[PDB]
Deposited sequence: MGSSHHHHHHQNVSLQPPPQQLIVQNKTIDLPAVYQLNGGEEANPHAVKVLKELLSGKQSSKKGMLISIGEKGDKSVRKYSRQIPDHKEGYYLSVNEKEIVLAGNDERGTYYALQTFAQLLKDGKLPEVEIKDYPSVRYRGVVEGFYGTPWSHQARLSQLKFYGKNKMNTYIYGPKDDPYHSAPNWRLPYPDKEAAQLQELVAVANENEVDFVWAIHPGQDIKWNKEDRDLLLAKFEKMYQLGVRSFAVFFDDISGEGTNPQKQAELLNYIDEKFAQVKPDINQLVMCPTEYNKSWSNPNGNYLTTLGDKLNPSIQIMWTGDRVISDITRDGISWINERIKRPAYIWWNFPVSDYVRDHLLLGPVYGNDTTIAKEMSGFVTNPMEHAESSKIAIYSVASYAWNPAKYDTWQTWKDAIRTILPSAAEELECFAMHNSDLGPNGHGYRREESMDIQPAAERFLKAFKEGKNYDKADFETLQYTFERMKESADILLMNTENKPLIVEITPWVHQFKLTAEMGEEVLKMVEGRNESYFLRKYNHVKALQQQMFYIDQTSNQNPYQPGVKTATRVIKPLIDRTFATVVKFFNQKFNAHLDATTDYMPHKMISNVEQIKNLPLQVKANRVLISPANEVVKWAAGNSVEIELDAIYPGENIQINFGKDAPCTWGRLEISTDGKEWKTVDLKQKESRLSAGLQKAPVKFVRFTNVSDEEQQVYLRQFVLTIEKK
């Protein structure tokens, strides 16, 4: 298995030993980065002329003049051959040679190579990642890990643009980075170069830019500073802004000025990219002509980014033809997956799919906007790298599995389990969803329908659910203690905790279904209620960000199954034994009687009704009561209003109804 899969491949049945004795040809000529990889693979240090010849170099080098005709005439292309007599590692360019070695490293198994002929090259010119999300920007160590990962998977582009980096966006995009950050960026660029990645530094000046000489000069001054730090590719983002900065004429003029007075004046600047204000069809106003202005005015060499028909969308043939006709060039795709900054309580670990596989020539580039969880994003990144290199043979599920086995080989099956049930985004404003838990979806749907209707569920379906919950617990506990990729485990641990609780709860609820006596049923019932409380605790103490705090897992299929199964069996119990057990499926320390069944939610220091009287579990100082009588007890009482730290336990009087309290 090779990732990305090469364009052309011919395999035999011969097994070549990684030669004890080798003769290196072209070590002084070839890409130093590629040579370093090779020499590292050759600890079989017997290196005389008496050994198996190994030819490495770029097209035009003396080392590979023979195989000149086999080398693909594409940028970043290469030719690789292994047989009994000689090994060839010939790239069309230095980066092509490097990519030949990355494939060669995958072929090396058990210290023995297969007899293969490979002619390979990318179908998309620019492939990689744009760190362009809202939230905590990737740590320095995360970014270093990312760059080495890109090189291994032949991603040649990394676009730096964290929305919450103050020196990337407003107002301090005018200011140079402090010495610490500057030294770190200098290192990143160096590491990027060592891994054949283009470090593209983006700037995001649109929100407060003045279309005058001062701001223009300051932007160029900033670019000049980044250049001194080693940056050789640049970008200007105009996404998510209002006001004068949205002017297409001014944007195009600025970019063209940057191109003509900086990009072309420097001897070695590669990529120049811009992100438009209208970066998807849905936000494009047909009443005007923003995109056709950019397309006509912006110099053709300059790239224009695009997220598809919507903010979050997959790329289609009709969609890319639509934008391309207007910007007068092939779109540079900005794919908003697996970015989760609008569903921050979810991890998006599912496979990469939905993007048309035949449109490689219709795009200038393809980059993915990831989660602020860097390691967790490697699943999607690895897949995009595969897709972008050879879209014609992109295998959705095989690549997803290959990614997981690469990222965490010591616990691949456990990570698959966790990831399969952590891929959907849940409900959101963009209406973007992904498949989740499809393996067990059919058995869950049948079981619940039969159970509710009082019909007999199939034993097979029941046992599948049992197996699933059992597997989830194993996976959760093994992942917690995994020391192979510690940074990964740190990222997902809160979800892994919630994942195990979900599985434990599922087991206990199934036992309530099997329950044949009252005492045992009650024991299980009390255990479930305690587990609910534990999930609440994690939801309130982990991932407490300002936007979607907490931790949600297995939301598409499994949590609804358990909740609905728990509610149903409790109803049956109350009917049978004339009891009044609470069939609530989510713990809530507060109460709200009156909408009669609308549940309360605790988010940070806020108590709210899901879009009348509320009773808190205690007396708190009140902050305010936003909306769209106060009391400490039911005796004495007193589009928004404040509380001024007054003691509150009861409130009395739907798009929002939120009580904020002090902590």
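- Item | Deposited-sequence segments unaccounted for in the coordinates | Several stretches lack coordinates - namely 1 to 13, 608 to 611, 629 to 640, 658 to 669, 680 to 689, 705 to 715, 726, in sequence order.
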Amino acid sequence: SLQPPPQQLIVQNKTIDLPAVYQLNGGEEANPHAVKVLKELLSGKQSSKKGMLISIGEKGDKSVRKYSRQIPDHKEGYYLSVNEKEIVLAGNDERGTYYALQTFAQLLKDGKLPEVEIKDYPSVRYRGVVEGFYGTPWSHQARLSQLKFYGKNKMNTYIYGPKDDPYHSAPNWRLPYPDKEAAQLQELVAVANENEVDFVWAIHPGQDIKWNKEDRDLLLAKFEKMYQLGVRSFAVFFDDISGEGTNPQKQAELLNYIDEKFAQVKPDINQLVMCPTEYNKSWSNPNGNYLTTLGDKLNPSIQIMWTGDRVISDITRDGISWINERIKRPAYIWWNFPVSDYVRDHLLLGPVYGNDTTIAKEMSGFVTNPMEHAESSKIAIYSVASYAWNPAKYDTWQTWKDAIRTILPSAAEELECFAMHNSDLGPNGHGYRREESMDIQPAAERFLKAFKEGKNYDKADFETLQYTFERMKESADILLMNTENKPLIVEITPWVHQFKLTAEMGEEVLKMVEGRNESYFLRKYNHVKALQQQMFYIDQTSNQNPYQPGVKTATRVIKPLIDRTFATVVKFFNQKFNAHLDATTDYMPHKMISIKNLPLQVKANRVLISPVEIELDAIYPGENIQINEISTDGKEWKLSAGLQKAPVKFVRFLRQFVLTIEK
From here on, numbers count along this sequence of modelled residues.
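- In at least a third of the other entries we lined up, does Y67 end up with no coordinates? Other entries vs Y67: none skip it.
- Task: Find out whether the coordinates of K14 are absent in at least a third of the other compared PDB entries of the same protein.
- Result: In all of the other entries, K14 has coordinates.
- Item | Comparing 338 to 346 with 442 to 450, the one whose average Cα B-factor in the PDB entry is higher | For C-alpha atoms only, the mean B-factor is higher in 442 to 450.
- According to the deposited model, is the average Cα temperature factor higher in 617 to 625 or in 595 to 603? In the deposited entry, the stretch with the higher C-alpha B-factor mean is 595 to 603.
- Of the residues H373, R516, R127, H168, the one carrying the largest Cα B-factor as recorded: If I rank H373, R516, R127, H168 by C-alpha B-factor, first place goes to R516.
- So among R310, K552, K213, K455, who wins on Cα B-factor in the entry? Among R310, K552, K213, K455, the highest C-alpha B-factor in the entry belongs to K455.
- Within this chain's modelled residues, let me know which third the CA B factor of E115 belongs to: lowest, middle or highest. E115: CA B-factor falls in the highest third of its chain.
- Query: What third of its chain, lowest, middle or highest, does the C-alpha temperature factor of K225 fall into?
  - Reply: For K225, the deposited C-alpha B-factor lands in the lowest third.
- Task: Within this chain's modelled residues, let me know which third the CA B factor of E278 belongs to: lowest, middle or highest.
- Result: Middle third.
- Thinking about Cα B factors across the chain, which third does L561 belong to? Answer is middle: the recorded C-alpha B-factor places it there.
- Message: Quick check on the deposited entry: does the C-alpha B-factor of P72 sit in the lowest, middle or highest third of its chain?
- Response: For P72, the deposited C-alpha B-factor lands in the highest third.
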